[PDB]
Amino acid sequence: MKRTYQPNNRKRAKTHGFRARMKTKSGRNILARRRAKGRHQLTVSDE
Amino acid sequence: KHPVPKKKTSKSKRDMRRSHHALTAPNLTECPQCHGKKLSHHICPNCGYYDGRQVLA
Amino acid sequence: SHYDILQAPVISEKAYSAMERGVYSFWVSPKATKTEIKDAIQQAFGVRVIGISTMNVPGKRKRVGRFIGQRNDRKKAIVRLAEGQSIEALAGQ
Amino acid sequence: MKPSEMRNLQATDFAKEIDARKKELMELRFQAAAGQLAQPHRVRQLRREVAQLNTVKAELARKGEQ
Amino acid sequence: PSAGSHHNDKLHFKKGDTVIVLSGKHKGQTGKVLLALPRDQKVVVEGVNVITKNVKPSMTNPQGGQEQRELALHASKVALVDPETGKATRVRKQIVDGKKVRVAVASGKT
RNA sequence: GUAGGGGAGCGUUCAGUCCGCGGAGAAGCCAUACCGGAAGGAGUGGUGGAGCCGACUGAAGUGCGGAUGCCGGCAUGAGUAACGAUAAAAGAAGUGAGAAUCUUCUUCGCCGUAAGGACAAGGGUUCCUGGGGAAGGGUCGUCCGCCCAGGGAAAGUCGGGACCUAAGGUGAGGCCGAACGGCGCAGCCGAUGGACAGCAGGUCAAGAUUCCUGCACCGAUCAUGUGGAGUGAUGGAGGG
RNA sequence: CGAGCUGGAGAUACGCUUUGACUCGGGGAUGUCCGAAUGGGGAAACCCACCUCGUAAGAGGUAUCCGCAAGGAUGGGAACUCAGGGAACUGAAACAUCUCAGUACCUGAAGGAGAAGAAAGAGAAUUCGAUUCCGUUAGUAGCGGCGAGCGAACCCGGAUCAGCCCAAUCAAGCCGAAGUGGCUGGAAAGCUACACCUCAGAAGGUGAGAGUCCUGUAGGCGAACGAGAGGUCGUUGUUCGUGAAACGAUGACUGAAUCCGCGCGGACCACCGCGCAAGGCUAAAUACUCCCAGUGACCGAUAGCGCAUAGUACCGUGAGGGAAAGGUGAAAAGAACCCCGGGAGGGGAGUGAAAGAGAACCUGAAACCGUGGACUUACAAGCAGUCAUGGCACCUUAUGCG
Ligand SMILES: [Mg+2]
Ligand SMILES: [Mg+2]
Ligand SMILES: [Mg+2]
Ligand SMILES: [Mg+2]
Ligand SMILES: [Mg+2]
Ligand SMILES: [Mg+2]
Ligand SMILES: [Mg+2]
Ligand SMILES: [Mg+2]
Ligand SMILES: [Mg+2]
Ligand SMILES: [Mg+2]
Ligand SMILES: [Mg+2]
Ligand SMILES: [Mg+2]
Ligand SMILES: [Mg+2]
Ligand SMILES: [Mg+2]
Ligand SMILES: [Mg+2]
Ligand SMILES: [Mg+2]
Ligand SMILES: [Mg+2]
Ligand SMILES: [Mg+2]
Ligand SMILES: [Mg+2]
Ligand SMILES: [Mg+2]
Ligand SMILES: [Mg+2]
Ligand SMILES: [Mg+2]
Ligand SMILES: [Mg+2]
Ligand SMILES: [Mg+2]
Ligand SMILES: [Mg+2]
Ligand SMILES: [Mg+2]
Ligand SMILES: [Mg+2]
Ligand SMILES: [Mg+2]
Ligand SMILES: [Mg+2]
Ligand SMILES: [Mg+2]
Ligand SMILES: [Mg+2]
Ligand SMILES: [Mg+2]
Ligand SMILES: [Mg+2]
Ligand SMILES: [Mg+2]
Ligand SMILES: [Mg+2]
Ligand SMILES: [Mg+2]
Ligand SMILES: [Mg+2]
Ligand SMILES: [Mg+2]
Ligand SMILES: [Mg+2]
Ligand SMILES: [Mg+2]
C-alpha cells in the first residue's frame, strides 16, 4: 500500500530548508541549536 | 496455538538424538584398468572404462 | 586569466577520433560561460571557432577505506573550428 | 627570484610575467594529464612565482602611494 | 604521542657527526651520521645493519631478493665522541669567531 | 530461629608510612589431596612478560543469583521451518581450478491495453568497456543492479530561465499588537496553466529535434541597395 | 633556531635548503560562493541585472533605520546579568486560597561582567552615613485554609571603597653541574666495586628501575615587531495571603504646597526624631566558564565526555535521537625463498630474546563447540544430591584422613 514518505525535492527544500528555517525565530533557533550539536547536517539543503 | 519447547534440551539429549547421523562411507572398488577407484555399476571416472571405454578421457 | 580556464584536454578513444575529424575536447572550469570558453580557446590557440557545445559533469562518487566522497564536478567542452584548422600541441597526440 | 628581481621592474612588465607563467602552468597541465610530467616540482615552483609577482606589484603600488 | 615530544624535537647531534653507540647490542661501535630525524629521534649509523627482504615485486626484479642495509636507531643510544678521550662524551656550548656556537667536552672541541 | 537490635571480624580499590619482592620474571590467568571458627589464606607447579605482596592507618563508586533488571558473548529449539506466486523446462557446445545456475546454438514454455514501448516524480553512475569474487545474491556462481579502474551525457529551435500571470506566498508606505510578532494596496515571487523559431536521416561499445549530413526557421546587431517622413509608451482600445 | 625539510599519510616520483630552508614568534597581501547578506530574485551556497572607471581583462558601487555630515546600528556568543511574559506536575497524604515558584520555558537588551549606587534611607543611640558580596543575627521577629509550610531586617564582624555634574611585567628562545669498570640479561638504568655535581634528587624518553646518557629542572640571559507628589477604585512588592495595612509601585479618574515649606517614621492625632522626591553617569569587591595552565586518597576502554574522538554510522518527513570502537615488537628487522591450494589458510626456513609476539598480532577467565584417554552405562522410575560399602584406576600440598 501507499506509504508515508513520498519524496519531493521541492517539498523537502521548501519545508525543512535553510531559507525556510531562517524565515522564523524558531527555525533560526533550530539552526543555532544544531550548529551547537556539531551536526554535519545543519539542514536538508546540506544533503 | 504456537507450540514451543518447554525446557532447553540438555547437551546430552541433543547428542543422544544425533546418534544416527553417521555418514555411510562409499563402498569403493578399484578400476580393473586405469586404476584409481570407482562405484559399483558406475563408470570409472579416471579413464572412462565400463568394460571397453565409454566416457571420454 | 585565459589559460586558467582550460583545465586539461580530454583523453579517450572518443576525443582522439574527434580531433581526427578536426574537433577538439577540453576539461573546463565549471563556472565558464560558453563565450568565455570560445574566446579562451581562440586566444590560447589563435584559432577561429564556428561551433561549441558544453556539458556539466557530476564527479564520480568513490570510496577509500571507510571514507565515502565525491570527486570534483567538471565541465566538458567540445569545439569545432573552420578551415580545417588544427592545434599542434594536441593533434599529433 | 623572490625579492630583488621583481621590484626593479615596471607594473606593466608584471602583467606580462604573470601571463607567461599562467601559460606555462597550463602547458604542464596538458602534459601531466597526458603523462608523464617528468618534473612535477616545476608546477608548484611556477605557482610560487605567480604569487610573488602579485604580492610585489601589490606592495609596490601601495608603497608608491605611501 | 611522538618520540620527539620528550626530547623537544631536538637532536643532540648533527648529521655527518661521528657517533659512539652508548646502549644495546652495538655498544661502542662508531660511525658517521648518515641520516638523522629530529621529530622521530631516529638516526642512522653505518654499524647497526640488518638483512631486509624485498618480497614479490617485479621491481626490483621479478624474483624476491634479499638485502643488507642499516636500520636507524633511537637518538638516546648515540653520542658525540671526543678525539682525546675517544669515548662517550657530553657537550658544552661555547663560542668562536665571528658568531659561531661550538661544542666542547671537558676538553674542547668537536 | 523470620522481621529487628546488638557484637567480633573476612575481602576489594585508592591513600599515607613502614617492610620488601621482581627479567634467574611482577600483577592477572590455570591445577591442586595443605591452613584457619567462617568470610577466607598460603605451599608447589603451568601460564604470562612489567610491575607488585605483607603490616599499621585513612577515605570509598567496596562484595550479587535473582529485579519479565542493563551491555555482551554463546547455547536450545535443529541440521528442524523455510529458500518469496505452479509461466517449465531439455540437449548440445563453450569456458573455467571448480558449472543444474555464466556464454553460444537449437528447441520448448509464459506475457502480449502487457509481463511490450515512451515520458514525469523519484533515485544517483546503478549506463558502456575491461577486469574482480571476500562479503551482498535466500543454492551455486567463472555471473550480477556487487567490488576496482577508465570511458560515456554535447541544443539559438525540445523542458526550465534571461517573458507572463492563478491559488498561495510576499510586501516600502500603511493598519493593529506585553515582547518574538499578526495583517496588509500597489509592486514582487509563484506552474500544475498563457507565450514561443527544426524537420528528415545517419551513427560511439555507451549521447542524439543536442553530434554529423541534407535542406528550413527566429530574434538581435551592421553593411549595400529599395528609403524618402515618420517613429509610436510606464497611459487608451481591440485581442489573448 | 641552525640542519634538515617536502601536513595527519606511514606511499612512489619531483625536488627545496647554510645567500639560512622547515618549525616557532610578529605584523601585513591575497582571501572564490553562501550565511546579518546588503543590487534584484531565490528552494542557503544559485539565477538575472543597472551604474562609474577600464583598452578589454578587470575593479568598485547599487539594503534598511538614526543623523546635515562624519559615523553608528542589524548578526553571532555555553554559562553568568538585567528586563517584558510566565507554567504544571508536586506538597498540602483528597482540593480551590496556599505550595511548588517568580523556578522551567519563551522573548528582549548588553557586557566582559552585569546589576546597583551618592539617602524625601535605615533606624531609636537625638546612633549610622552610596551600592553589591561573604559571615552573623536566625529558623529569631513576623507570614499562614495560623494547616502544609514560608521566612526577614537592624546591630556586630569582614571583602572593596568614590563619589561628580545639571534645570531658574608577560608573548618566541638561548645558557645551563656531575661516572666509569666488572657481573646477570636479548637488552642496563638493575647488581657490584670505588667515583663525582647539587641554588639542579620535579618530570618524561632511553631494549628492566638512570641525580651525573638525552630532554630538562635550580639559576641566569632574552628581542626589532607584540602585549599590559497626594488621593480614590483595581492590584502588587518585601516576613506582607485585607489583616487595624502603613510604605513603595502603576492602569483608570483626579490633581497641592516651594523654606514659618515639603516627604517619612506600620491605621489615625499631637509631640519628639530622620530626611531635601519628581534630573543623569560612575571604577572597585560579586557571577559565570566556551577557551588556557596547574593540580587530584577522580576514571583507565560496559569506566571516564555521547566519542581514546563522531554528533559520524545509523534511526526519523522533521523537531530530534544516536552507537561500538584501544594494545605486534625495544626496534619493521612486517617473514626473501621452498612445500599443498585458484585463492583463503597453513607447514617450513629466515629475522627476533620470545613468532609459547606474524599483522583476525598483550594477557586471554566463563558460558558455549570439539579431539583423545581413564573408569563407566543397553531390566530402567530420577530435585540428580548425600551417606555407607565394594570394584577399577592413579600417586608432585600423594601410600591415606587418600
Ligand atoms: Mg547543455
Ligand atoms: Mg564503484
Ligand atoms: Mg542462635
Ligand atoms: Mg599501600
Ligand atoms: Mg594494582
Ligand atoms: Mg543474571
Ligand atoms: Mg518472556
Ligand atoms: Mg541479551
Ligand atoms: Mg535431515
Ligand atoms: Mg521438530
Ligand atoms: Mg520435517
Ligand atoms: Mg520443506
Ligand atoms: Mg524463487
Ligand atoms: Mg517447481
Ligand atoms: Mg579447457
Ligand atoms: Mg533457473
Ligand atoms: Mg555452437
Ligand atoms: Mg512495461
Ligand atoms: Mg542527472
Ligand atoms: Mg552464495
Ligand atoms: Mg577466471
Ligand atoms: Mg552492467
Ligand atoms: Mg542545428
Ligand atoms: Mg503576510
Ligand atoms: Mg508549466
Ligand atoms: Mg516551441
Ligand atoms: Mg520555453
Ligand atoms: Mg628546528
Ligand atoms: Mg543577495
Ligand atoms: Mg493537580
Ligand atoms: Mg495534594
Ligand atoms: Mg543579542
Ligand atoms: Mg490599594
Ligand atoms: Mg501581595
Ligand atoms: Mg503610597
Ligand atoms: Mg580490557
Ligand atoms: Mg600465503
Ligand atoms: Mg571421549
Ligand atoms: Mg525384570
Ligand atoms: Mg544392566
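In chain B, numbers come from Swiss-Prot; the residues present are 3-59, in order.
Per the header of the entry, the method used was X-ray crystallography, 2.9 Å.
The backbone N, Cα and C atoms fix where each Cβ goes, and this holds for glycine too.
Among the features that Swiss-Prot reports, zinc finger is placed at B:33-49, with the record citing a curator's inference.
Secondary structure at B:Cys49 (Zn(2+) binding site), taken from DSSP and collapsed to helix, strand or coil, is coil. Among the features that Swiss-Prot reports, Zn(2+) binding site is placed at B:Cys33, B:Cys36, B:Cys46, B:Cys49, with the record citing a curator's inference.
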Given the binding-site residues B:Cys33, B:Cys36, B:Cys46, B:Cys49, which one is most crowded in terms of C-beta atoms within 10 angstroms?
B:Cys46
When you scan the chain for residues with a C-beta under 8 Å from the zinc finger (B:33-49), skipping those not six or more beyond its ends, what do you find?
55-57, 59
In the same chain, outside B:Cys33, B:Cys36, B:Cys46, B:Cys49, whose C-beta lies within 8 angstroms of the Cβ mean position for the Zn(2+) site?
B:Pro34, B:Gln35, B:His37, B:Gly38, B:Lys40, B:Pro47, B:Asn48, B:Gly50, B:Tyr51
